[PDB]
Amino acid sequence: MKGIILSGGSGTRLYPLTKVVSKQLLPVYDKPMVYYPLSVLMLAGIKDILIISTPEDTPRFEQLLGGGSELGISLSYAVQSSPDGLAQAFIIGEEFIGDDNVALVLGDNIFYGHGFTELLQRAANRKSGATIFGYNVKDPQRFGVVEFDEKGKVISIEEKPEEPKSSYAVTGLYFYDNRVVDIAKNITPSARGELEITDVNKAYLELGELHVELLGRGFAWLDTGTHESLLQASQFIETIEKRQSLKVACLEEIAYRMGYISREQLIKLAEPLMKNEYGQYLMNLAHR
């Protein structure tokens, strides 16, 4: 399975922080926002990843993250000229995807919880159908909404319904089989001028293979949409990290724990960073 991080958009609510740059370049506590969804693709076992952003921001992502080699993965880059919808990721990414399965994660989504790595690897290892991830939120009408029965079978999925049929938002992480490319090429813009991921997911519902993994109350799916929520998200990460000795979405750590790089390679990443706490964390990990 390949992975795409869709990381453009407008971030207009965050102005002036986004006057020049895209929101996913901004900090969430101690690392750029985009580290968090990239870490999720990596934990899923995905090592070939395309990052899509605006014409002006795609090079900024590339200057931050590089080509992947030092994390033992492959990062590629492509441009989305206008934010004409999430489903456009599969069109821009058609060549990249080829005949493979592909996961899509949004560059501003932050997932954290016990047992998540197992759920990701399960989804990434499926060879047919779509997996989406549902989360109980206060205001479901603001989101794609997934309705399911007592057995966990999807009944419906609607984009910002007037009268939400459940409390479960569909989060910005999706795993698809290769049918997604031609599905995306065949949907049409919604009223709001967007090629909708909800329409992609409707197509898999109709195909009888839309699977939902319900993230329970013990999971965190953090909002980065406003100044207030961004700050809350930062405080959340700080609190987890302070108590334990452990960082959330430390890319180099994940690359080592996933076996993408060796202990020797980790040591070599840590060395030039030894003046700061991040490098020291990496070296402590190498030492144990």
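Residue positions are given as counts along the sequence shown, with the first one as 1. Under this definition, the rigid core comprises the largest set of C-alpha atoms superposing within 1.5 Å between the forms.
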| query | finding |
| --- | --- |
| Stretch with larger C-alpha RMS deviation in 8 other deposited structures of this protein, core superposed, 237 to 245 versus 37 to 45 | 237 to 245 |
| Which of 247 to 255 and 216 to 224 strays further in 8 other deposited structures of this protein - Cα RMS after rigid core alignment | 216 to 224 |
| Of 194 to 202 and 104 to 112, the stretch whose C-alpha atoms average the higher B-factor in the entry | 194 to 202 |
| Mean C-alpha temperature factor, higher of 62 to 70 and 31 to 39 | 62 to 70 |
| Candidate set 80, 166, 131, 76 [ranked by C-alpha B-factor, highest] | 166 |
| Candidate residues 97, 89, 157, 173, the one whose C-alpha B factor the record puts highest | 157 |
| For residue 6, the third of its chain into which the C-alpha B factor falls | lowest |
| Entry-reported Cα temperature factor of residue 279, expressed as the chain third it lands in | middle |
| Record-listed C-alpha B factor of residue 235: chain third | middle |
| Ranked against its chain, the third holding the CA B-factor of residue 54 | lowest |
| Where the record places residue 253 (Cα B-factor, split into thirds across the chain) | lowest |
